[PDB]
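Chemist:
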Amino acid sequence: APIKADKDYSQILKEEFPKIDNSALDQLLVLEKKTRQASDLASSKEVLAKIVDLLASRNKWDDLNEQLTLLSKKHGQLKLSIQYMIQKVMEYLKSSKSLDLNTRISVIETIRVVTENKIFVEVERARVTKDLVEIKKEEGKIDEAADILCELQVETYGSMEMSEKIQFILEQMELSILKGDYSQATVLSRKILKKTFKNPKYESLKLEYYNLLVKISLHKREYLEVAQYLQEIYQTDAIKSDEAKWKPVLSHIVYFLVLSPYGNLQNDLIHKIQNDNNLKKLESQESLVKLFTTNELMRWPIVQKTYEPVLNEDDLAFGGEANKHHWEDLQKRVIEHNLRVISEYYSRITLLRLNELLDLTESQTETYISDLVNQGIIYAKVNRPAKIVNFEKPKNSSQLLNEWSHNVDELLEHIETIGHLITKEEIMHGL
Amino acid sequence: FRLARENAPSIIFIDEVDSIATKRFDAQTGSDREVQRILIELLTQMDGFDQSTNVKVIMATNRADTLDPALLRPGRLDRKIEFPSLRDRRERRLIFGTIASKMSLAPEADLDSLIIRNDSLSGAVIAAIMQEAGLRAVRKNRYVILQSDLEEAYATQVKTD
Amino acid sequence: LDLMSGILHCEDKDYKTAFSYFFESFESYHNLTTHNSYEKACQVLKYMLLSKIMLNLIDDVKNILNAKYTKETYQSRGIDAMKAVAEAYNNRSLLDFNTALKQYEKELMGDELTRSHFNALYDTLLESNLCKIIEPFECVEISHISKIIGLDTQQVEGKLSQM
Amino acid sequence: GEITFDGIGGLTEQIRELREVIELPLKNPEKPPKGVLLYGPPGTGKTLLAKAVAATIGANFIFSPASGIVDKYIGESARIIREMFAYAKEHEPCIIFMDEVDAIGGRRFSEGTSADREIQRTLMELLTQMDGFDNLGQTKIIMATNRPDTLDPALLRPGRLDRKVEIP
């Protein structure tokens, strides 16, 4: 490798002569022969990198492409070899642009190793992928932009570096959005995130994704899941951010929880502790959560009018274009919950008294009935003739099965409970 | 066997039963006496046990001549099935369709390229050739599998000497 | 064959047979592409779909519809008829079929299978839509019911005695 | 193994060729290989290959001579081989090297019973571990023969052997 360095130094002049004045071969020819596909002295890839750069500096970045295109085809010193320079070339292609983006664009699919896969050097052939996409994006290329980037997880890294990879996984997920298909994002998403926790957990990598995860959830509009995601790294951003920056998440979270038709965890998520995080409101939110057990649906338009500073009125972190995605969704939502305590509190009621309290037409009412009827979540009667709804009861539970056993459980409580204490009691008192 | 009847429904399979296929044909002293019984047992248990089938005797065979009709007795081993079938190219195409699904390949690897190459062969081998080639790309440090890679493996595997 | 199989296997049902035949056949036609009279694939699929839809398992239908390969990334009124049917089938709704039914009639009646079966099969909708939202008690008028189904009465009397 | 692949170099075709199909498939999760069978004259470096093989991987080389696996000893088959499997299966990475396996390998004779029924079993015990779900987890199997054609055709099969190793 002496002549690898020596003749380089010699050809250095020889090129620099014609570089100043091609000698492209001169530099090339040495290693071209020497390393070729078969090491003569091999070389330092530098010797070729030298060659490339001397080319690079001298020639068009058009020529160098085609040049590299050719020289790559032979060998390099190893597949690794040239495409490092070819990578720095990309900045240089960028350190001009347009046609040199097109030259790049040329350079790109010349060999995959810039945006794509021959070598493993994804730490680069990933970069230019987006770097061309970033232009492709600007180019208005969408699918194709995504499509060059659609392949990361597989061809490219086995996640040799996630941190790199996850970014484009992200960006794939990101492009997946302008695309519109979560699924691209999905597999990525579903694979990736725990490992961010399994990172020295990197909030960004959460948050970034966690925001994708939001945006996932956004087009999704499954609000438990939405807020559930939120809730996850929402837990992180009291840790991470201040509560202050962190509240609007919550302010949307339970909001999302309420946006959700409900949730059972939402029923647990109800109080948290500091929740009604005890500065903003943030509270009517949970007060609505509290407005549940009392729910009315005389309230609905009231509370609507009552709250929309952001409250009913949110395009921010929620996609209600109108508040319908709150309001309408929340319409039934309250109505939904309204029926619950209603469910509790009615043995019988008229449709009217319902619609009276429920502020709705029969059919809607009927539907909402029919809903939880068809949901089986409530009881009712379908009675037009009476225009009255038995809220019913499953009287066939045979009841006294448990009830008399519970009537016994009463004693199995009472005499069992009460008994054990008494004689003990006055003796525990003694005296 | 009974445990399967204890577990009914169940399965009884036997890898290549032929190890126990022929008993002492003669005074064979050790280790040949039980292959009598074990077989006789199985015989007894095939040949002696109900048809209400919660469990099915299944046995692989490369070489069936070691066996005897006592297994081939009706009511017992009724249904013979034979692993082969001219690989008719569709099947290959299916095997080809099979593994290539699980196997990354560039734009050179081409099934119907091989499907003509491939006739009158065996699927294991086919199963080999696929990821035998699968080797070769990574054996060439190729993140992508070519037809060459296939061809190599194929050409490698068409004959082994 | 698989096609004609289901074409037998539709009337006698065994949609699964039909569908699976349809499926594999369609899958063939899916690969058989233009060699196949083109949409015949999807026509198989339409029956293949309606098979499942007459079988009334919509996820497969959907997933089939959903997977673009299965979908062949191809779309037609029958397809969404099938969809809307299935949704109307989910809907347990008189109209929701009639909705799709009338509109999508092209690529719907054009499938005589569908034209034959579905319509009848749709008949169950009335009984299906009816259970879709229950129920009354020792009191109610057909015009409750008619209104309940948002329909008439003349044809109702015949639906009530249909226990 | 005692000396690396290089010391016996000149078999280099195999030297590489085997290493990639033996050592590497461990370290690149992207079939793993079933089996590898030397043939040609032994010890040419041939038997040594195994050690040289064994050296390169880091696995425990486990040598198998044959007949001891069923001397007489009117039984002891899988128990032997599975200990050879399982110990290795626990002790994996392990190299399994089965010497010149024509007494416990090969298609036998009339395929009559000399106690051949012992061999067939033993012959099959591997087959069972090979055509059966038992994989080479980190433990790998080197098959040895001086002549290949001396073996069960079914043994040569993939699912059992993915490599027939010549040594010209």
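As they're listed, the protein sequences go chains P, K, Q and L. Positions 5 to 25, 33 to 442 (the deposited numbering) are the ones given, in order, by the first sequence. Quick note on the deposited numbering: the second sequence kicks off at 258 and runs consecutively. Quick note on the deposited numbering: the third sequence kicks off at 218 and runs consecutively. Positions 176 to 205, 213 to 350 (the deposited numbering) are the ones given, in order, by the fourth sequence. C-beta atoms are modelled at their ideal positions from N, C-alpha and C, and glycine is treated no differently.
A260 (chain L) by DSSP, collapsed to three states: which one?
Modeler: Counted from its first residue, the fourth sequence places residue 260 (chain L) at position 78. Looking at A260 (chain L) - three-state DSSP - the assignment turns out to be helix.
Chemist: Nearest chain Q C-beta to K190 (chain P) closer than 7 Å, yes or no?
Modeler: The residue given as residue 190 (chain P) occupies position 179 in the first sequence. Not closer than 7 Å to any Cβ of chain Q, the Cβ of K190 (chain P) fails to qualify, so no.
Chemist: Which of the three DSSP states is assigned to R395 (chain P) in this structure?
Modeler: Numbered from its first residue, the first sequence carries residue 395 (chain P) at position 384. Coil.
Chemist: Give the list of continuous alpha helix (DSSP H) stretches no shorter than 4 residues that lie fully inside the segment 281-313 of chain L.
Modeler: 298-312
Chemist: At which residue ranges does the segment 120-183 of chain P contain complete beta strand (DSSP E) runs of 3 or more residues, listed in the order of the chain?
Modeler: none
Chemist: Using a Cβ-Cβ cutoff of less than 7 Å, which residues in the same chain neighbour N288 (chain P) once the five nearest sequence positions on both sides are dropped?
Modeler: What you label residue 288 (chain P) is simply residue 277 of the first sequence in a count that begins at 1. Only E254, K258 and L261 meet the Cβ criterion.
Chemist: Since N264 (chain K) meets chain P, which of its residues come closer than 9 Å, beta carbon to beta carbon?
Modeler: Position 7 of the second sequence, counted from the first residue, corresponds to residue 264 (chain K). Residues of chain P passing the Cβ test: none, with the nearest at roughly 36 Å.
Chemist: Taking the alpha-carbon of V58 (chain P) as reference, which of P:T247, P:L104 and P:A9 has the nearest alpha-carbon?
Modeler: Start at 1 with the first residue of the first sequence, and residue 58 (chain P) comes out as number 47. Looking at the Cα atoms, P:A9 is the closest of the given residues.
Chemist: For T361 (chain P), which beta-bridge partners are listed by DSSP?
Modeler: Taking the first residue of the first sequence as 1, we reach residue 361 (chain P) at position 350. Answer is P:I399.
Chemist: Mind pulling the alpha helix (DSSP H) runs of 4 or more residues that sit fully within the segment 256-330 of chain P?
Modeler: 275-280, 295-304 and 310-317
Chemist: Skipping 5 residues on each side, what residues in its chain have a beta carbon closer than 8 Å to that of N128 (chain P)?
Modeler: Taking the first sequence and counting its residues from 1, one reaches residue 128 (chain P) at position 117. Counting only Cβ-Cβ distances below 8 Å, and skipping sequence neighbours, we find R136, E162, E166 and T167.
Chemist: Which residues bound the beta strand (DSSP E) around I271 (chain K)?
Modeler: Translated into positions along the second sequence, residue 271 (chain K) becomes position 14. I271 (chain K): member of the beta strand (DSSP E) spanning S267 to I271, first to last residue.
Chemist: Does the segment 328-337 of chain L come close enough to the segment 291-299 of chain L to have 3 or more Cβ pairs within less than 8 Å?
Modeler: no
Chemist: For a cutoff of 7 Å on Cβ pairs, would you count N286 (chain P) as touching chain K?
Modeler: The residue you call residue 286 (chain P) lines up with position 275 of the first sequence. Cβ-Cβ to chain K under 7 Å: no for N286 (chain P).
Chemist: Helix, strand or coil for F208 (chain P)? Go by DSSP, reduced to three states.
Modeler: Within the first sequence, the letter at position 197 stands for residue 208 (chain P). Note: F208 (chain P) maps to helix in three-state DSSP.
Chemist: Answer yes or no: does any C-beta atom of chain P fall closer than 7 Å to that of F240 (chain Q)?
Modeler: Within the third sequence, numbered from 1, the residue matching residue 240 (chain Q) stands at position 23. Not an interface residue.
Chemist: Using the three-state DSSP reduction, which class does residue 209 (chain L) fall into: helix, strand or coil?
Modeler: In this structure residue 209 (chain L) is absent; chain L steps straight from 205 to 213.
Chemist: Would you give the residue range spanned by the beta strand (DSSP E) that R345 (chain L) belongs to?
Modeler: Numbered from its first residue, the fourth sequence carries residue 345 (chain L) at position 163. Its beta strand (DSSP E) spans residues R345 to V347.
Chemist: When the distance is taken between beta carbons, is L66 (chain P) closer than 7 Å to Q78 (chain P)?
Modeler: Here residue 78 (chain P) refers to the residue found at position 67 of the first sequence. Here residue 66 (chain P) refers to the residue found at position 55 of the first sequence. Yes, they are a contact pair.
Chemist: Taking buried to mean at least 16 other C-beta atoms within 10 Å of its own C-beta, is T321 (chain L) buried or exposed?
Modeler: In the fourth sequence, the residue the question calls residue 321 (chain L) occupies position 139. So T321 (chain L) counts as buried.
Chemist: Give the secondary structure of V218 (chain L) by DSSP, where H, G and I count as helix, E and B as strand, and everything else as coil.
Modeler: The residue given as residue 218 (chain L) occupies position 36 in the fourth sequence. In this structure, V218 (chain L) counts as strand in the three-state DSSP scheme.
Chemist: By Cβ distance, which residues of its chain are closer than 6 Å to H226 (chain Q), with the 5 residues on each side in sequence left out?
Modeler: The residue given as residue 226 (chain Q) occupies position 9 in the third sequence. The residues are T234 and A235.
Chemist: Note down, in chain order, every chain P residue with its Cβ under 7 Å from the Cβ of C356 (chain Q).
Modeler: Translated into positions along the third sequence, residue 356 (chain Q) becomes position 139. By Cβ distance, chain P contributes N394, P396 and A397.
Chemist: What in chain Q is Cβ-close to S381 (chain P), meaning under 7 Å?
Modeler: Position 370 of the first sequence, counting from 1, holds the residue named residue 381 (chain P). Near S381 (chain P) (Cβ distances below 7 Å), the residues of chain Q are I350.
Chemist: Cα-Cα, which of P:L199, P:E219, P:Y193 and P:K212 is closest to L229 (chain P)?
Modeler: What you label residue 229 (chain P) is simply residue 218 of the first sequence in a count that begins at 1. Of P:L199, P:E219, P:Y193 and P:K212, the residue nearest in Cα terms is P:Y193.
Chemist: Residues of chain K with CB under 7 Å from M306 (chain L), in chain order?
Modeler: Position 124 of the fourth sequence, counting from 1, holds the residue named residue 306 (chain L). Under the 7 Å cutoff, chain K gives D272, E273 and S276.
Chemist: For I277 (chain K), which residues in the same chain have their Cβ closer than 7 Å to its Cβ, ignoring the five residues on either side in sequence?
Modeler: Along the second sequence, read from residue 1 onward, the residue named residue 277 (chain K) stands at position 20. Excluding positions up to five away in sequence, the list reads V292, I295 and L296.
Chemist: Could you work out which residues of chain K lie near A336 (chain L), taking near to mean beta carbons separated by less than 7 Å?
Modeler: As a first step, residue 336 (chain L) must be located in the fourth sequence, where it is residue number 154. Ordered by position in chain K, the residues that pass the 7 Å Cβ test against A336 (chain L) are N319.
Chemist: Quick one: using the 10 Å Cβ neighbour count with 16 as the cut-off for buried, is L189 (chain P) buried or exposed?
Modeler: In the first sequence, the residue the question calls residue 189 (chain P) occupies position 178. Classification for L189 (chain P): exposed.
Chemist: Could you check the C-alpha separation between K343 (chain P) and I281 (chain P) for me, to the nearest Å?
Modeler: As a working note, residue 343 (chain P) is residue 332 in the first sequence. As a working note, residue 281 (chain P) is residue 270 in the first sequence. Straight-line Cα distance between these residues: approximately 19 Å.
Chemist: Give, in chain order, every residue of the segment 80-95 of chain P whose Cβ lies closer than 8 Å to some Cβ of chain K.
Modeler: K90
Chemist: Taking the C-alpha atoms as reference points, what is the distance between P341 (chain K) and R262 (chain K)?
Modeler: Here residue 341 (chain K) is taken as the residue at index 84 of the second sequence, counted from 1. Here residue 262 (chain K) is taken as the residue at index 5 of the second sequence, counted from 1. About 31 Å.
Chemist: Quick one: does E166 (chain P) have its CB under 7 Å from some CB of chain K?
Modeler: Counted from its first residue, the first sequence places residue 166 (chain P) at position 155. So yes, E166 (chain P) belongs to the interface.
Chemist: Taking Cβ positions only, does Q320 (chain L) come closer than 7 Å to chain K?
Modeler: Position 138 of the fourth sequence, counted from the first residue, corresponds to residue 320 (chain L). Taking Cβ atoms only, chain K never reaches closer than 7 Å to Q320 (chain L), which makes this a no.
Chemist: Work out the CA separation of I386 (chain K) and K416 (chain K) for me, nearest whole Å.
Modeler: For the purposes of this step, residue 416 (chain K) is identified with residue 159 of the second sequence, where counting begins at 1. For the purposes of this step, residue 386 (chain K) is identified with residue 129 of the second sequence, where counting begins at 1. Going by the C-alpha atoms only, they are around 11 Å apart.
Chemist: Decide if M439 (chain P) is buried, meaning its Cβ has at least 16 other Cβ atoms within 10 Å, or exposed.
Modeler: Numbered from its first residue, the first sequence carries residue 439 (chain P) at position 428. Label assigned to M439 (chain P): exposed.
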